[PDB]
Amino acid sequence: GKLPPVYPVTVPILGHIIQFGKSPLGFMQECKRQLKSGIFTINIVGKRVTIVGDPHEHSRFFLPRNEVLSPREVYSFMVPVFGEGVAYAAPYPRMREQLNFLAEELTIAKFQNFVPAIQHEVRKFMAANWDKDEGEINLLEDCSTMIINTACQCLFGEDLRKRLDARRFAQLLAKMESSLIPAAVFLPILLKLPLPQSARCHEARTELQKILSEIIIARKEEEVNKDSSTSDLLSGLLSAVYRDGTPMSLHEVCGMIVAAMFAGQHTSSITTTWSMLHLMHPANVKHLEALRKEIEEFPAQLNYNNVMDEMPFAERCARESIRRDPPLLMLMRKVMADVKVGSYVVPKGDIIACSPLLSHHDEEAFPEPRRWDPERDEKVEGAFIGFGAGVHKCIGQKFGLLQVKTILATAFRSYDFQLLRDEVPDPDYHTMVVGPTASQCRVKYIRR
């Protein structure tokens, strides 16, 4: 049987993990050149990772069923955050029901109210922080702030937001986040070892679950004492019932809320940040004009029609930011049985990977891939994979872009911006979710 070509190993027991970490785009491009193949295999702490770096074969990573290409082992390092037996740790049918419940909290009907809640939080942030004629800010830090405030305003009732304000929720989530070791996918002994990480994570998740149980009790009180429907993500998920006939446990509800914050917080804020950095750069003046024309006749209070139906150009600007610098660099599954991919067989036991970073710089699909051009279209069907595809395609895609677009429309309607650098920031590949380098993100705002 014919295996993909394997990139030569120099470093004994580490393999390619350090080369890859230093420059993931650079390293993977060098692999495909030397090995004369978009499908090739690297070595991560002794483990074979086969990369499907030919966009013509993306469907062989995204479409196979979970029993063939499994997400469980790849997400096992996130078990302390999601919770044991929740999401990818659950049997696949139950995993899919839980994911569907979350998806169903992000319906089009919900979006009707989301728009003015998002815009409210954005304007409140700009009034507190961008309050003069002009001033200097760190755009990545402020976009991250706006995104946690906007998402919480959409997803959580006022009562939950008071108890668990954006500041307290950020601290708890940061505590969970600082516990993750993605390298545990390749060194799975780490999943069993005693780690101080594990205990900090369990503490923060337990505190969150405690606050949720307390809010649920407080809600029951308000419903008794006066009227008091509060309808939000928490109440929606608690109303969910499996085909089993059984309802979701608080444990599972807490895990799904956590899953939604980890999936959508850094991705959304980074997409916003890059979009803004590109649009304020002088080279992109025509794109900034196109966005300004797009929003020119919108009312001061945006509605769902403006954002969802009337901003196709702003959506190209966000997608092309993710195209050029995808926040998730590598997507992975465990190969549970041999799979043929192009001319190769990828053996059972391999990690198979598909990299948005590598595929989005394929020069046949994306000519001049470092150039940010929201007018571009992929030249190979399906080569854009910044929201994944197929069986685990992103469920938050529309909600994320709803906030990115509302922030763009609100910010550029009232402000101009200037980069304090000649070029847009370099991507910083040293974080789990990749964004522009934070120290390079100082910008000047100018009230219009």
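All residue numbers are counted from 1 along the displayed sequence. Rigid core: the largest C-alpha set superposing within 1.5 Å between the two forms.
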Is the larger C-alpha RMS shift in 6 other deposited structures of this protein, relative to this form with the rigid core superposed, found in 248-256 or in 214-222?
214-222
Report the stretch with the higher root mean square CA deviation, pooled over structures and residues in 6 other deposited structures of this protein, choosing between 312-320 and 83-91 after a rigid core fit.
83-91
Of the two stretches 146-154 and 168-176, which shows the higher Cα B-factor on average in the entry?
168-176
On mean Cα temperature factor in this entry, is 16-24 or 425-433 the higher one?
16-24
When the CA B-factors of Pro282, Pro93, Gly264, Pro356 are compared as recorded in the entry, which is the largest?
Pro93
Highest Cα B-factor in the deposition, which of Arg319, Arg333, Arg161, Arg376?
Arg161
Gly46, C-alpha B-factor rank within chain (lowest, middle or highest third):
highest
Of the three thirds of its chain by CA temperature factor, lowest, middle or highest, which one includes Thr410?
middle
So, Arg65's CA B-factor, relative to its chain, sits in which third? The middle
For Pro312, the third of its chain into which the C-alpha B factor falls:
lowest
By its CA B factor, does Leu419 count among the lowest, middle or highest third of the modelled residues in the chain?
middle
